[PDB]
Amino acid sequence: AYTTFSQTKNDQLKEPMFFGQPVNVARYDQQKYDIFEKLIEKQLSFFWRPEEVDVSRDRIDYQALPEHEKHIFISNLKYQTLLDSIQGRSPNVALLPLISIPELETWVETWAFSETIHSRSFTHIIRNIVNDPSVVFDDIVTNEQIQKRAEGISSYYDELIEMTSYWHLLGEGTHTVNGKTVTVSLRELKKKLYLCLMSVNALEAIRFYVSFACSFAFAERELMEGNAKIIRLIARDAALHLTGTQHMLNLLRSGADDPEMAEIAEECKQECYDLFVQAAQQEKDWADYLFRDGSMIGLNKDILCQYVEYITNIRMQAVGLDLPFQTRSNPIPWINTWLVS
Amino acid sequence: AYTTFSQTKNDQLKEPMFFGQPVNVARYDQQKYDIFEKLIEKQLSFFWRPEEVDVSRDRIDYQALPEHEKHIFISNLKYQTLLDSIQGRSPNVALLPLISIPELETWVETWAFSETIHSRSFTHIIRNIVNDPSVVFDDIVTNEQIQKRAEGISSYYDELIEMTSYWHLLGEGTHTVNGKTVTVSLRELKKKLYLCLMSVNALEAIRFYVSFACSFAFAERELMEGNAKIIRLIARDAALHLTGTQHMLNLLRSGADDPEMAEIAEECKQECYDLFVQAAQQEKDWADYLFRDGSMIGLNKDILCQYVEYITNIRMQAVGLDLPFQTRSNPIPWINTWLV
Ligand SMILES: [Fe+3]
Ligand SMILES: [Fe+3]
Ligand SMILES: [Fe+3]
Ligand SMILES: [Fe+3]
Ligand SMILES: [Hg+2]
Ligand SMILES: [Hg+2]
Ligand SMILES: [Hg+2]
Ligand SMILES: [Hg+2]
Ligand SMILES: [Hg+2]
Ligand SMILES: [Hg+2]
Ligand SMILES: [Hg+2]
Ligand SMILES: [Hg+2]
Ligand SMILES: [Hg+2]
Ligand SMILES: [Hg+2]
Ligand SMILES: [Hg+2]
Ligand SMILES: [Hg+2]
């Protein structure tokens with residue numbers, strides 16, 4: 001029931017963000033929500049090439065680092081890498097089949113594209129700091145610590161994808177498949193999308209930001225300056241990505257775009273709150289392990305932990321959630337020098 | 001069964017291009033086939049921004065056009081728009097879910113992205129040459145002549161997509177869904193995939209080039225210089241795209257990748273041939289609509305048809321197919337200037 005070109009003539013201004021008629025013509029002269037067109041414009045204007053950044057000196061810097069510090073840096077890098085591997089593909093595979101307005105369709109493809117550039121930049125960095133990149137790459141997949149911090153990300157995307165598949169194939173209803181009963185509900189599928197988006201929002205809003213702090217800590221010490229420039233370029237893109245997810249959720253919860261979504265949003269509030277807290281926790285936990293055999297110069301488990309509570313608070317309010325943590329001022333205001341945005 | 005992040009640590013250098021384990025880590029330090037990495041690098045180096053292109057004068061030229069030239073012009077542009085609309089999402093929705101090597105996964109995404117840019121350029125052109133783009137865009141969807149020419153593009157993709165879903169949900173075998181027997185053969189999916197690519201190859205390699213010739217006819221008349229600028233940037237992308245499909249197809253036939261794929265290519269050669277013959281003819285049939293109100297000096301049905309055979313033959317030989325048409329030299333050697 002999915003089509004690469006819906007032959008029905010339709011007003012693309014009146015379609016909902018998701019689950020309406022698949023987009024046929026790709027036009028950009030008009031939009032139901034211009035924020036999406038603005039996002040495409042800004043992301044294109046931000047286009048950059050990793051190779052164009054010199055990382056010549058990070059190698060010796062990396063190598064002179066104290067062992068515990070090498071670990072901190074590389075684990076963090078490994079984490080960023082995983083996240084972007086997932087982000088390069090997932091929004092395209094997960095959202096495209098359910099988008100009904102073109103500006104959003106294209107924003108998603110542009111956003112996903114920008115994530116591949118991020119992946120490209122990681123290879124660039126790794127290549128220039130270790131002897132055998134394969135050692136780093138191979139550890140991303142099975143690193144117990146990583147799948148542990150990242151746990152649940154692929155699963156939200158994977159379930160939505162499968163549900164989407166059943167929906168498109170079988171349509172809404174109570175069906176049977178090889179002797180088993182399989183129920184398909186548009187409502188359950190909207191829930192899944194909603195929680196999946198909320199989760200990607202955390203991913204962009206919190207997970208990455210925590211990593212930015214771990215990377216910029218080195219920059220503050222004039223260390224890994226190649227990596228730093230890349231991270232800076234990456235953080236500028238994330239702000240945009242963050243903006244898209246926030247608007248999507250806000251338009252969804254606000255009931256303007258899809259009433260049922262507004263409803264749904266309300267019913268899983270507590271569910272979302274918990275999801276958020278869970279993510280803030282994983283990050284804390286990661287932090288607790290990355291700084292066990294030694295803390296770094298200007299960052300430690302406790303500072304990082306405060307940061308996570310700090311930014312989590314801001315992100316959650318930005319999406320109408322209650323604050324889970326004690327309100328406090330930024331505990332590492334020096335980071336603002338790197339977050340050009 | 002599909003996964004956004006496969007947990008098995010796997011040698012990505014040994015997976016097949018398609019149907020292997022979904023790519024987990026995105027690494028570009030090595031590649032099974034470097035031609036894909038090379039394509040990503042070139043496309044990136046070719047990044048361009050449409051709006052930046054000056055089309056301030058295209059409206060003047062365009063308005064001053066004889067009614068039929070306008071029609072020729074717009075009908076053509078509307079077709080390009082339809083194709084880029086499909087090519088912006090298609091590769092991502094149809095292929096992404098079946099790729100098993102990172103360099104190919106990223107190439108597909110860059111490629112698709114490159115197409116959204118092609119689409120943004122058309123809006124840029126449109127919005128600047130007509131008073132209400134809605135007429136154009138609305139027309140793209142309903143224009144029977146246009147759909148007739150594009151017939152079978154969205155269908156291959158849609159078919160492949162659907163079988164893919166079954167495959168991912170049910171896995172291979174004969175199943176019972178809602179009391180009906182549904183068969184899921186991977187070999188059969190592989191054929192859908194293979195023919196889909198062959199069709200995209202025809203789309204990138206022939207359908208777009210004929211469209212370029214039409215666009216460029218105007219440039220040669222010193223008219224529509226903004227469009228022309230854009231068409232050249234686009235042609236430059238299209239050359240990388242078909243290089244990409246030719247390579248996929250040729251690598252598959254070689255037997256160097258999934259052996260089952262090479263048997264399929266051999267087994268399906270007539271289908272391959274028949275689809276190019278059918279695409280060529282659609283491009284030929286379009287002339288009747290294109291030239292409804294009259295032709296232009298140097299651009300007519302005949303020229304058009306001769307160009308179609310000329311180029312189709314070049315393409316088919318590029319992927320090892322027999323040539324259906326009578327050999328000939330380029331009927332429009334002047335297009336070379338723009339194509340480079
Ligand atoms: Fe990223
Ligand atoms: Fe991002
Ligand atoms: Fe294109
Ligand atoms: Fe193309
Ligand atoms: Hg999601
Ligand atoms: Hg998700
Ligand atoms: Hg941190
Ligand atoms: Hg750190
Ligand atoms: Hg929720
Ligand atoms: Hg949430
Ligand atoms: Hg295809
Ligand atoms: Hg296709
Ligand atoms: Hg032509
Ligand atoms: Hg066949
Ligand atoms: Hg063939
Ligand atoms: Hg001919």
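Atoms considered below: every heavy atom in the structure, side chains included; atoms not considered: hydrogens, waters and symmetry mates. Convention: sequence-line order gives letters A, B, ...; per-chain numbering from 1. When a ligand or atom number is given, it counts from 1 through the structure's own listing order.
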**Request:** Assign the ring pair B:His168 / B:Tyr2 to parallel, tilted or perpendicular, where the plane angle (0 to 90°) is split at 30° and 60°.
**Result:** perpendicular

**Request:** Compute the centroid of each ring, for A:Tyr209 and then for A:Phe212, and state whether the two points are separated by less than 6.0 Å.
**Result:** yes

**Request:** Take the angle between the ring planes of A:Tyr33 and A:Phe36 and call it parallel below 30°, perpendicular above 60°, tilted in between.
**Result:** perpendicular

**Request:** Cation-pi check, A:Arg149 to A:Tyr79: give yes when NZ or CZ is under 6.0 Å from the six-membered ring centre and within 45° of the ring axis, no otherwise.
**Result:** yes

**Cation-pi, A:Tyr307 ring and A:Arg328 (6.0 angstrom, 45 degrees)** = no

**Fill in**
Nearer than 3.0 Å to the Hg ion (ligand 5), the protein contributes N, O or S atoms numbering 1

**Asked** Under 4.5 Å between any side-chain heavy atoms of A:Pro324 and A:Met316, yes or no?
**Response** yes

**Request:** Cation-pi check, A:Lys70 to A:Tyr62: give yes when NZ or CZ is under 6.0 Å from the six-membered ring centre and within 45° of the ring axis, no otherwise.
**Result:** yes

**Asked** Any side-chain donor paired with an acceptor under 3.5 Å for A:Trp48 and A:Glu52?
**Response** no

**Protein N/O/S count near the Fe ion (ligand 2) (criterion: distance under 2.8 Å)** = 4

**Asked** Is the A:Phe19-A:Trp167 ring centre distance short of 6.0 angstrom?
**Response** yes

